[PDB]
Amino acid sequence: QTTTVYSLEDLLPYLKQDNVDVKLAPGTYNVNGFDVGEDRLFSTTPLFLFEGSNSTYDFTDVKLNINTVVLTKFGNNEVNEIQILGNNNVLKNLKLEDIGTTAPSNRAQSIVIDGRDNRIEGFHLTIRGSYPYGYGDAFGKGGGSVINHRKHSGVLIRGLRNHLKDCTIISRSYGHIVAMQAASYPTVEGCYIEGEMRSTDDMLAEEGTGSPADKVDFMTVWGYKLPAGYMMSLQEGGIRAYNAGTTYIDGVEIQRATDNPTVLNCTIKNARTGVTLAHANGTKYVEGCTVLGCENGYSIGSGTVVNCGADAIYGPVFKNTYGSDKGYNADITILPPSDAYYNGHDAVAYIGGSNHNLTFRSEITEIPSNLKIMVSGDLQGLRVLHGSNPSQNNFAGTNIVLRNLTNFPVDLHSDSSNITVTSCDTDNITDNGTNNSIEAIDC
């Protein structure tokens, strides 16, 4: 039997109860600064704390507008709009929009999924309000920042067997769009994930304005002045696994890495990365995805990427994260450009590590001269110049199968060895490595 409520005030009591079936009636509901306080509706954060288990919540035709000023009403603390702590809950069809662009007093998360066996389905989320907004991570995304930040991220999947399905997540905020943290068997399925871009040249045009970047003479956290010629996302990862983190299940606090992530039939647009799971453990499986205009396509470290696609307008479609990457099996289509090329990385793929099986397919005939498949070598990546992030660049590749069903040139560096290469044409293959095999295939 479904209980229908017609106010946020009447909804909140159900979030503390088990085994309920609740529907918030179709309509527009607004949360403003005046709704936060001791005798106001929201006296604590997280605003919507789903503590019960085995419950279902129907938000069909519900527009929930949350004024970004609310992110400053809880002191110097984290503000989570929605957090699920219970188990076996289903939340469906909510349209949640941050109103305005006010930055959090500290930081914010739109949705946090702890517990186990929860599902959020059919949500439409628009994320706003963060600082600094306009630079990506150039001036710091963690500690020791050049410009101190007030990040605001989208969906954080933790817990066990938690599931995000058929959601639209649009970010205009400096933070991750979808991320996994201490999550065991998280699944992201059928989602559309979208940020927006800004060139480093446009940022550099702030010279002499007195902007925050102008004040630090554009000195990045990578140890050098912000280079021209790159296209950056104003968001962080599209789908990204955290290195560490904490989750809560049945009152147990758990610190662990993410393990066994699955990503299916997702479209990720204009984020710092399409799908990055290198920090996760266990079985990694990514299938049927489409990455458009991201700074990086797929970087899962190890596992399977299959029937996936990405364009190469702003960065490579594929990157091995470390030289210890092992067993990365990928079948990636290099898609037609979704916009004008602006790729300062000078690469469509950077390959290293050992025992990979990599296939690239494309119908592109006009190859920009700076674009190439690199096995080993010195990647001109925005964040790995001049010794920055040194473990993520200049590493060897050994015992790799590379099936190049593209017109893209291939550059095998001297650090490359035992690379088995097949390609449509071999004339545009430069081999400076050891015991590499290069063979021509017809089309």
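Start at 1 and count along the sequence shown; that's the residue number.
Residue stretch of maximal mean CA temperature factor, 425-433 vs 14-22: It is 425-433 that shows the higher mean C-alpha B-factor.
Can you tell me which stretch has the higher mean Cα B-factor, 386-394 or 44-52? In the deposited entry, the stretch with the higher C-alpha B-factor mean is 44-52.
Highest Cα B-factor in the deposition, which of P104, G159, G122, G251? Of the candidates given, the C-alpha B-factor peaks at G251.
Which listed residue, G288, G154, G301, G323, has the largest C-alpha temperature factor in the record? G301 has the highest C-alpha B-factor of those listed.
Name the third of the chain's ranked CA B-factors that contains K225, choosing lowest, middle or highest. Ranked within chain, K225 CA B lands in the middle tercile.
Using only modelled residues of the chain, where does the Cα B factor of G115 rank: lowest third, middle third or highest third? According to the entry, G115 has a C-alpha B-factor in the chain's lowest third.
Name the third of the chain's ranked CA B-factors that contains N93, choosing lowest, middle or highest. Ranked within chain, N93 CA B lands in the lowest tercile.
Should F360 be placed in the lowest, middle or highest third of its chain by the C-alpha B factor in the entry? It belongs to the middle third of the chain when residues are ordered by C-alpha B-factor.
If you rank every modelled residue in this chain by C-alpha B factor, which third holds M231: lowest, middle or highest? Answer is middle: the recorded C-alpha B-factor places it there.
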